[PDB]
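Take a look at this single chain in structure tokens; it is the form deposited in one PDB entry.
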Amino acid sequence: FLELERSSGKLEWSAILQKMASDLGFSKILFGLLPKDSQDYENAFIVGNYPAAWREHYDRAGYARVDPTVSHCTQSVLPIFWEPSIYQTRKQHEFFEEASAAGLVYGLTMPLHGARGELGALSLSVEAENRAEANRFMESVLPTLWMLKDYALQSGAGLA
């Protein structure tokens, strides 16, 4: 894990982060961090390899206000898994459908809360054939991801 802090700068950190993620089995990741008491996303540090069209669609649709993982992150340090039960309203369900259409079906979101009030999320999606396989996979990797998120937060807050 210390290779993240020991990376040279943004590009090497992003690739190392995305590579640790792929080695664990997640082809898609997004790390997002805001400074303490941020009012909007003008100063957000957001990196990863989510598809561009989905990044753009989520911004244009204002999905930070509907995505249930975002409100979760304001309330907890524990992971939220992407499962049917977290999409309660129709509007959350169609967030779910559009993420799915973009290729992001199975996954989880780890909240980020830094020592200087930084607020963020590390999200990772796994390409699996059904929820049973996705869940099995995530169990096997969860303790390692649990460390990764804090090593990512501490190093990324230093970079950002």
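Superpose the two forms; the largest set of C-alphas matching within 1.5 Å is the rigid core. When you see a residue number, it is the position in the sequence shown, counting from 1.
Mean CA temperature factor is higher for 121-129 when stretches 105-113 and 121-129 are set side by side in the entry. Averaged over Cα atoms, the B-factor as recorded in the entry is higher for 80-88 than for the other of 67-75 and 80-88.
Per the PDB record, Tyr41 has a higher Cα B-factor than any other of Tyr41, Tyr58, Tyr50, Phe96. Looking at the C-alpha B-factors along this chain, the one for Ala157 belongs to the middle third. Per-chain ranking of the deposited C-alpha B factor places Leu148 in the lowest third.
We do not show the form deposited in another entry, though everything after this point is about it.
Aligning the rigid core between this form and the one not shown and inspecting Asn49, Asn43, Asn135, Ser100, the C-alpha positions shift by 2 Å or more at one residue, which is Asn43. Taking 2 Å as the criterion, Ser155 does not count as shifted between this form and the one not shown: its C-alpha moves by less than this amount when the rigid core is aligned.
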